[PDB]
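Visitor: This is the structure I have questions about; it appears just below.
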Amino acid sequence: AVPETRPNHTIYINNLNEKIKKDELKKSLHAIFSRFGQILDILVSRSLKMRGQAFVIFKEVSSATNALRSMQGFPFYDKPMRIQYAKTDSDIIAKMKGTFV
RNA sequence: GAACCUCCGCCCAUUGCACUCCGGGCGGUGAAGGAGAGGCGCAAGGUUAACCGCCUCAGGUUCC
Ligand SMILES: *NC(=O)c1ccc(-c2c3ccc(=[N+](C)C)cc-3oc3cc(N(C)C)ccc23)c(C(=O)[O-])c1
Ligand SMILES: *O[C@H]1[C@@H](O)[C@H](n2cnc3c(=O)[nH]c(N)nc32)O[C@@H]1COP(=O)(O)OP(=O)(O)O
Ligand SMILES: *Nc1ccc([N+](=O)[O-])cc1[N+](=O)[O-]
Ligand SMILES: [Mg+2]
Ligand SMILES: [Mg+2]
């Protein structure tokens with residue numbers, strides 16, 4: 001019904017500072033999120049449609065859940081992070097589960 | 001082995017759920033001057049312009 005609240009390998013963060021550059025944003029996200037588990041990948045775009053947002057993809061769903069709870073609202077580049085679970089599996093995960101396309 | 005990046009900014013608009021990239025406008029620096037190198041296009045065309053795209057490579061960084 002509301003998939004953004006059902007745990008997922010991938011967390012969706014928005015309300016990020018759009019001023020920060022793509023690579024710096026990716027590496028700072030990794031720095032703050034890697035202690036919660038192994039990170040398959042972190043996807044950021046500076047597109048009009050995708051700026052201010054990032055998908056952080058964990059190997060273990062339990063890792064996503066701990067990262068979200070612990071970093072909900074956390075100040076990051078002067079804006080409180082807003083964290084959800086991704087509404088659908090990231091492609092790399094769909095490939096693992098055998099569900100891709 | 002993989003991913004991301006590789007000239008420096010300003011303003012306007014945007015709170016947006018992607019996984020092939022992709023809003024608009026304006027400046028500056030550098031003559032060891034198209035932005036790490038090569039190739040190939042494309043651009044440019046003299047007091048000081050062009051500043052881009054693709055592919056390969058290199059490096060930096062984060063990982064496996
Ligand atoms: N090394 C070369 O083969 C070479 C380097 C630089 C120059 C050159 C210019 C070349 C082309 C230009 N336009 C097409 C407008 C302008 C150039 O401007 C300069 C300016 C200066 N200054 C000392 C101010 C030096 C060299 C320039 C060339 C060239 O053929 O002129 C070749
Ligand atoms: O193709 C490289 C890869 O197969 C293996 N290698 C090197 N470093 C690696 C790593 O950090 N992770 C993984 N998974 N695999 C790695 O070695 C091959 C060659 O790499 P080198 O840069 O060492 O090449 P060299 O010519 O020096 O032997
Ligand atoms: N190297 C060089 C310096 C300056 C100029 N110039 O025209 O001013 C030209 C060259 N060149 O190589 O032709
Ligand atoms: Mg260039
Ligand atoms: Mg470049």
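Residues are named by chain letter and number: chains run A, B, ... in the order of the structure tokens, numbers start at 1 in each chain, and ligands are numbered from 1 in the order shown.
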Taking only C-alpha atoms (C1' of nucleotides) and all ligand atoms into account, produce a table as JSON lines in which each residue of chain B with an atom at most 9 Å from an atom of ligand 5 appears once, together with its shortest atom pair and the distance in Å to one decimal, ordered by chain and rising number.
Guide:
{"residue": "B:6", "atom": "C1'", "partner": "ligand 5", "partner_atom_place_in_ligand_line": "1 (Mg)", "distance": 6.8}
{"residue": "B:7", "atom": "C1'", "partner": "ligand 5", "partner_atom_place_in_ligand_line": "1 (Mg)", "distance": 8.1}
{"residue": "B:35", "atom": "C1'", "partner": "ligand 5", "partner_atom_place_in_ligand_line": "1 (Mg)", "distance": 5.4}
{"residue": "B:36", "atom": "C1'", "partner": "ligand 5", "partner_atom_place_in_ligand_line": "1 (Mg)", "distance": 8.1}
Visitor: How would you write, as an MDAnalysis selection string, the set of residues in chain A that DSSP gives as strand (DSSP E)?
Guide: chainID A and resid 10:14 39:44 54:58 75:76 79:80 82:85
Visitor: Taking only C-alpha atoms (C1' of nucleotides) and all ligand atoms into account, list the residues no farther than 12 Å from ligand 2, as a list in words.
Guide: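 Using only C-alpha atoms (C1' of nucleotides) and all ligand atoms, everything at most 12 Å from ligand 2 comes to residues 1, 2, 62, 63 and 64 of chain B.
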Visitor: Distance cut-off 7 Å, counting only C-alpha atoms (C1' of nucleotides) - which residues of chain A neighbour chain B? Return them as a list in words.
Guide: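 Per the criterion, chain A yields residues 15, 23, 27, 48, 49, 50, 86, 87, 90 and 91 of chain A.
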Visitor: Go ahead and write the residues just picked, N, CA, C and O atoms, as an mmCIF file, in the first residue's frame.
Guide:
data_model
loop_
_atom_site.group_PDB
_atom_site.id
_atom_site.type_symbol
_atom_site.label_atom_id
_atom_site.label_comp_id
_atom_site.auth_asym_id
_atom_site.auth_seq_id
_atom_site.Cartn_x
_atom_site.Cartn_y
_atom_site.Cartn_z
ATOM 1 N N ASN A 15 15.826 15.972 0.563
ATOM 2 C CA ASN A 15 16.121 17.164 1.316
ATOM 3 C C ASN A 15 17.619 17.356 1.516
ATOM 4 O O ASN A 15 18.060 17.959 2.510
ATOM 5 N N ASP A 23 30.141 13.987 -6.797
ATOM 6 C CA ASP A 23 31.088 13.053 -6.200
ATOM 7 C C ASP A 23 31.286 13.333 -4.721
ATOM 8 O O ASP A 23 31.370 12.398 -3.923
ATOM 9 N N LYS A 27 30.589 10.626 -1.771
ATOM 10 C CA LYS A 27 31.602 10.170 -0.828
ATOM 11 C C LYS A 27 31.269 10.566 0.601
ATOM 12 O O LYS A 27 31.540 9.787 1.519
ATOM 13 N N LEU A 48 17.507 17.998 -12.916
ATOM 14 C CA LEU A 48 16.422 18.778 -12.333
ATOM 15 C C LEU A 48 15.514 17.891 -11.511
ATOM 16 O O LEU A 48 15.067 18.271 -10.423
ATOM 17 N N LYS A 49 15.224 16.703 -12.032
ATOM 18 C CA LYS A 49 14.264 15.803 -11.426
ATOM 19 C C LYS A 49 14.855 15.087 -10.219
ATOM 20 O O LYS A 49 14.111 14.705 -9.311
ATOM 21 N N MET A 50 16.175 14.901 -10.179
ATOM 22 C CA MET A 50 16.807 14.072 -9.157
ATOM 23 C C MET A 50 17.671 14.836 -8.158
ATOM 24 O O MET A 50 18.166 14.233 -7.207
ATOM 25 N N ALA A 86 13.379 2.960 -0.299
ATOM 26 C CA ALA A 86 13.050 3.068 -1.713
ATOM 27 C C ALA A 86 11.747 2.347 -2.028
ATOM 28 O O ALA A 86 11.433 1.310 -1.452
ATOM 29 N N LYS A 87 10.983 2.892 -2.971
ATOM 30 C CA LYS A 87 9.691 2.286 -3.304
ATOM 31 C C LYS A 87 9.837 0.984 -4.092
ATOM 32 O O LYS A 87 8.864 0.236 -4.222
ATOM 33 N N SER A 90 16.358 -1.454 -6.038
ATOM 34 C CA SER A 90 17.348 -1.006 -7.004
ATOM 35 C C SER A 90 17.704 -2.156 -7.939
ATOM 36 O O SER A 90 17.665 -3.333 -7.556
ATOM 37 N N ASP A 91 18.110 -1.798 -9.161
ATOM 38 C CA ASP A 91 18.361 -2.811 -10.178
ATOM 39 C C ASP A 91 19.373 -3.833 -9.693
ATOM 40 O O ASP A 91 19.150 -5.036 -9.814
#
Visitor: Taking only C-alpha atoms (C1' of nucleotides) and all ligand atoms into account, list the residues no farther than 8 Å from ligand 4, as a list in words.
Guide: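 Within the 8 Å cut-off, the matching residues are residues 34, 35, 51 and 52 of chain B.
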Visitor: Taking the DSSP assignment computed from this structure's backbone, write out as JSON, numbers by chain all residues of chain A that belong to helix (DSSP H, G or I).
Guide: {"A": [3, 4, 5, 22, 23, 24, 25, 26, 27, 28, 29, 30, 31, 32, 33, 34, 35, 36, 61, 62, 63, 64, 65, 66, 67, 68, 69, 70, 71, 91, 92, 93, 94, 95, 96, 97]}
Visitor: Store the residues picked out above, limited to N, CA and C atoms, as a compact mmCIF listing (two decimals), in the first residue's frame.
Guide:
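Result written to out01.txt:
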# COMPACT_ATOMS: atom_id res chain seq x y z
N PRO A 3 4.73 1.48 -0.02
CA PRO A 3 5.97 0.70 -0.05
C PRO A 3 7.15 1.45 0.50
N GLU A 4 7.08 2.79 0.55
CA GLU A 4 8.20 3.56 1.05
C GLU A 4 8.43 3.36 2.54
N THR A 5 7.49 2.74 3.24
CA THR A 5 7.68 2.45 4.65
C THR A 5 8.03 0.99 4.89
N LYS A 22 28.34 16.22 -7.15
CA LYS A 22 27.89 14.83 -7.19
C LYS A 22 28.85 13.90 -6.47
N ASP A 23 30.14 13.99 -6.80
CA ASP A 23 31.09 13.05 -6.20
C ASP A 23 31.29 13.33 -4.72
N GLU A 24 31.40 14.60 -4.34
CA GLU A 24 31.53 14.91 -2.92
C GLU A 24 30.33 14.43 -2.14
N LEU A 25 29.14 14.60 -2.71
CA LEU A 25 27.93 14.14 -2.03
C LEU A 25 27.97 12.64 -1.86
N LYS A 26 28.31 11.91 -2.93
CA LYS A 26 28.42 10.45 -2.87
C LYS A 26 29.41 10.01 -1.80
N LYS A 27 30.59 10.63 -1.77
CA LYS A 27 31.60 10.17 -0.83
C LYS A 27 31.27 10.57 0.60
N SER A 28 30.66 11.73 0.82
CA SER A 28 30.26 12.08 2.19
C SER A 28 29.11 11.18 2.68
N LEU A 29 28.15 10.87 1.80
CA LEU A 29 27.12 9.91 2.17
C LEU A 29 27.75 8.58 2.56
N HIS A 30 28.69 8.08 1.74
CA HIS A 30 29.35 6.84 2.10
C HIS A 30 30.01 6.97 3.46
N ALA A 31 30.69 8.08 3.70
CA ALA A 31 31.38 8.23 4.97
C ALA A 31 30.41 8.10 6.14
N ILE A 32 29.23 8.72 6.03
CA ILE A 32 28.35 8.72 7.19
C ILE A 32 27.52 7.45 7.28
N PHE A 33 27.32 6.73 6.18
CA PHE A 33 26.45 5.57 6.19
C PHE A 33 27.17 4.23 6.22
N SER A 34 28.47 4.18 5.96
CA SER A 34 29.08 2.86 5.83
C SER A 34 29.16 2.09 7.14
N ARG A 35 29.17 2.74 8.31
CA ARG A 35 29.27 1.98 9.54
C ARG A 35 28.06 1.10 9.79
N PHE A 36 26.99 1.28 9.05
CA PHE A 36 25.80 0.49 9.33
C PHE A 36 25.79 -0.80 8.54
N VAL A 61 19.26 -5.78 4.35
CA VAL A 61 18.13 -4.92 4.70
C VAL A 61 18.24 -4.44 6.13
N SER A 62 18.69 -5.29 7.04
CA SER A 62 18.84 -4.84 8.41
C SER A 62 19.74 -3.60 8.49
N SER A 63 20.75 -3.52 7.61
CA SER A 63 21.62 -2.35 7.59
C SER A 63 20.84 -1.10 7.18
N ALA A 64 20.02 -1.21 6.13
CA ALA A 64 19.19 -0.08 5.74
C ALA A 64 18.33 0.37 6.91
N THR A 65 17.73 -0.58 7.63
CA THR A 65 16.83 -0.21 8.72
C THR A 65 17.58 0.54 9.81
N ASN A 66 18.78 0.07 10.18
CA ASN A 66 19.53 0.80 11.19
C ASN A 66 19.99 2.16 10.69
N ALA A 67 20.38 2.26 9.43
CA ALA A 67 20.83 3.55 8.96
C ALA A 67 19.68 4.54 9.01
N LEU A 68 18.53 4.17 8.49
CA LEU A 68 17.36 5.07 8.49
C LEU A 68 17.05 5.54 9.91
N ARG A 69 16.90 4.62 10.85
CA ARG A 69 16.46 5.01 12.20
C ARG A 69 17.49 5.92 12.82
N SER A 70 18.75 5.63 12.59
CA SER A 70 19.81 6.38 13.27
C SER A 70 20.07 7.72 12.60
N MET A 71 19.78 7.85 11.32
CA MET A 71 20.14 9.07 10.63
C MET A 71 18.92 9.89 10.21
N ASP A 91 18.11 -1.80 -9.16
CA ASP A 91 18.36 -2.81 -10.18
C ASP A 91 19.37 -3.83 -9.69
N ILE A 92 20.48 -3.38 -9.11
CA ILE A 92 21.51 -4.33 -8.68
C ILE A 92 20.91 -5.37 -7.72
N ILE A 93 19.96 -4.96 -6.89
CA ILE A 93 19.30 -5.90 -5.99
C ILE A 93 18.34 -6.79 -6.76
N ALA A 94 17.56 -6.21 -7.67
CA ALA A 94 16.64 -7.05 -8.45
C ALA A 94 17.41 -8.15 -9.16
N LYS A 95 18.61 -7.82 -9.65
CA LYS A 95 19.42 -8.84 -10.30
C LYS A 95 19.80 -9.94 -9.32
N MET A 96 20.16 -9.60 -8.08
CA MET A 96 20.50 -10.64 -7.11
C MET A 96 19.32 -11.57 -6.88
N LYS A 97 18.13 -11.01 -6.67
CA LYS A 97 16.96 -11.81 -6.34
C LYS A 97 16.40 -12.59 -7.53
Visitor: 7 Å from ligand 1 is the threshold here; counting only C-alpha atoms (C1' of nucleotides) and all ligand atoms, which polymer residues fall inside it? Answer as number ranges by chain.
Guide: B: 31, 44-49
Visitor: Take CA of residue 75 (chain A) and CA of residue 11 (chain A) and report the distance between them in Å, one decimal.
Guide: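 CA of residue 11 (chain A) lies 16.8 Å from CA of residue 75 (chain A).
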Visitor: Please indicate the distance in Å from atom 1 (N, counted along the ligand's line) of ligand 3 to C1' of residue 33 (chain B), rounded to one decimal place.
Guide: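 Between atom 1 (N, counted along the ligand's line) of ligand 3 and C1' of residue 33 (chain B) the gap works out to 11.6 Å.
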Visitor: At what distance in Å, to one decimal, does CA of residue 6 (chain A) lie from CA of residue 84 (chain A)?
Guide: 8.9 Å
Visitor: Using only C-alpha atoms (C1' of nucleotides) and all ligand atoms, which residue out of B:8, B:59, B:32, B:24 lies closest to ligand 3?
Guide: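 The answer is B:32, which sits nearest to ligand 3.
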Visitor: From the options A:46, A:83, A:51, A:74, which residue's atoms come nearest to residue 13 (chain A), counting only C-alpha atoms?
Guide: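 Among the listed residues, A:83 lies closest to residue 13 (chain A).
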Visitor: Give me, as number ranges by chain, all polymer residues having an atom no more than 12 Å from residue 26 (chain B), counting only C-alpha atoms (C1' of nucleotides) and skipping those fewer than 5 positions away in the same chain.
Guide: B: 9-12
